[PDB]
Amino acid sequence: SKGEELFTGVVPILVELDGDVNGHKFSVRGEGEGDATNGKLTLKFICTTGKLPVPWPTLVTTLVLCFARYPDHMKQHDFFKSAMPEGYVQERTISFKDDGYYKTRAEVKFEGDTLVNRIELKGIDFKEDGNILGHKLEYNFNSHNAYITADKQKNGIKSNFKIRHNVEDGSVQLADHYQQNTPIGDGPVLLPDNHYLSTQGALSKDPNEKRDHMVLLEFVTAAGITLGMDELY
């Protein structure tokens, strides 16, 4: 696959989410750009339906792993770019401990020149005054590593990882993620050795923006592939 050639520069991003958590419906639209050479995402998200009924940090993982920076010696393990431009389906179950769960299905693919992430989310069994529907989580996102393994019996990858959201009282709300990715087209995809993605993110606000929104700067870098002096030639 030559899909990685689509990411050598800066690529515009469109994110569209439709969500329904305990019958609380909402839509989010995000726009920005991705710079895979640096592993950098710069995006601004707006809740187009008014007030977001869940905390913005709980949507970060749902709201484009094709922009991760894979080191040169690891580029053969980059499933996400190898599926492009046709793209991949990304599905998750996010189980919040002692609370409800999200189910998400997204398509990540190029539409013209733009990398688009289009998501449907359903949230079920939440406590109406839990940490999520009650908005008890701090506006931040800790740095976090997510382990990636191949799923050959599905021609894709899988990952499970825990996000630890900071609760305002000082406790931690666990969000247990189970993820699977499968290509959309029939072209060849790279199925990787075990590795992980290392993610950092900074969340902020646009002072001139009155809509409910999140400004996000995110860095994603691949690591964990044991590398020796043999690749040195």
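The first residue of the sequence shown is number 1, and the count goes up from there.
- Gap between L197 and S198: none; every deposited residue in this span has coordinates.
- Judged by mean Cα B factor in the deposited record, 6-14 ranks above the other of 211-219 and 6-14.
- In this entry, 74-82 has the higher mean Cα B-factor, the comparison being between 74-82 and 87-95.
- When the C-alpha B factors of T104, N155, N140, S143 are read from the deposited coordinates, the top value falls at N155.
- By the numbers in the PDB entry, the CA B factor is greatest at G185 among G185, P53, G39, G32.
- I132: CA B factor in the middle third of modelled residues in this chain (values from the PDB entry).
- Among all modelled residues in this chain, the alpha-carbon of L59 has a temperature factor (C-alpha) in the lowest third.
- Among the modelled residues of the chain, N181 sits in the middle third by CA temperature factor in this PDB entry.
- Sort the chain's modelled residues by C-alpha temperature factor and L43 lands in the lowest third, per the entry.
- The PDB entry assigns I163 a C-alpha temperature factor belonging to the middle third of its chain's modelled residues.
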